[PDB]
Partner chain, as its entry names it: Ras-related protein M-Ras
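What follows is a single chain, given as structure tokens, in the form deposited without its partner chain.
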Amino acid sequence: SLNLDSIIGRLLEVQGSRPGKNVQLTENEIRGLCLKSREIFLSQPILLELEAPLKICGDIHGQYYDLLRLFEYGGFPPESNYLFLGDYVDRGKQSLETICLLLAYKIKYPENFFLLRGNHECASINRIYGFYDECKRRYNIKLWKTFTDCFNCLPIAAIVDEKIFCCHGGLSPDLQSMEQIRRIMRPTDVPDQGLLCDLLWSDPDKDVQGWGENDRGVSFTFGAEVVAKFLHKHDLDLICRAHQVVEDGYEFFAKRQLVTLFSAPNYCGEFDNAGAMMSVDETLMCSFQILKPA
């Protein structure tokens, strides 16, 4: 039947504890989270149409205790609406607790809480970068495959009040109309090339004019004038993206026409970066809240 409130309560019990303390749900509880959230994802559009006010977060990458701190600053649900831009698993020590809390909040408040797909919500990536190993050690392989079946149904992009375009990676040279996003059928894997790939993998680059090759070996880079023509063609004010670690937790691009959000401080036990969360009120007036390392 899925005791959501008991799951959420145990996930929050370690709030304020020796950072790194595990929450070991049962296998059936986690599978219930995956099966229920998967239903909700498929029942909602692959291109979300959201409305302010809300708070937007970037990569978490298994830093569960930093995620709990974000909620302390911005208000635990349902006090605030939330949109996460992807990359919940891999790299960090506690991907499981991270993704379970987010899925539980998705099930609990399916209209005030939203999760986008990042490039790490993909079996071929998170098999390698930590999530699979965490599943093997703490549960079993079959649970990882259940997570994959859920990740394959995550929405890809969101538009907030018809003026803010949100995705994990960035723009595609194959993105002519938002209909190409709505057309993608779920469940799906992330292809090695094309629109869905670029939406999860591409980066902005100040030294590129049109489209350049991406250092990652996947997808493309895009320049400041690609942003302008996109925003103008689709009557938008801002592109909100993640996917890239940034010193301040946020970083503007192309005269504040694009912003990069990263929410995991001291990423990979390195960098000494900070994390940021972007608050949007109902007027579409936007601000940043900074999460410094701890």
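Residue numbers count along the first chain shown, from 1. Under this definition, the rigid core comprises the largest set of C-alpha atoms superposing within 1.5 Å between the forms.
Using the rigid core as the fitting frame, the root mean square C-alpha deviation in 6 other deposited structures of this protein is greater for 264-272 than for the other of 264-272 and 36-44.
Stretches 91-99 and 74-82 differ in mean C-alpha B factor, with the higher average recorded for 74-82.
Once the C-alpha B-factors are averaged per stretch, 229-237 and 57-65 rank with 229-237 first.
Going by the entry's values, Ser43 shows the largest Cα B-factor out of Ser43, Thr26, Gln244, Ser263.
Of the candidates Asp192, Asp189, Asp161, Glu121, the PDB record gives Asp161 the highest C-alpha temperature factor.
The entry lists a Cα temperature factor for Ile184 that places it in the highest third of the chain's modelled residues.
Among the modelled residues of its chain, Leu33 has a C-alpha B-factor that falls in the lowest third according to the deposited record. Looking at the C-alpha B-factors along this chain, the one for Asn126 belongs to the lowest third. In this PDB entry, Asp174 carries a Cα temperature factor that places it within the highest third of its chain's modelled residues. Among all modelled residues in this chain, the alpha-carbon of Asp207 has a temperature factor (C-alpha) in the highest third.
Below, we turn to the form deposited with its partner chain bound, even though it does not appear here.
Contact annotation for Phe151: none of its heavy atoms lies within 4.5 Å of its partner chain in the entry with it bound. Using a 4.5 angstroms threshold between heavy atoms, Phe220 counts as touching its partner chain in the entry with it bound. Contact residues in stretch 159-183 (any heavy atom within 4.5 Å of its partner chain, taken in the entry with it bound) are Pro173, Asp174, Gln176, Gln180, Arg183.
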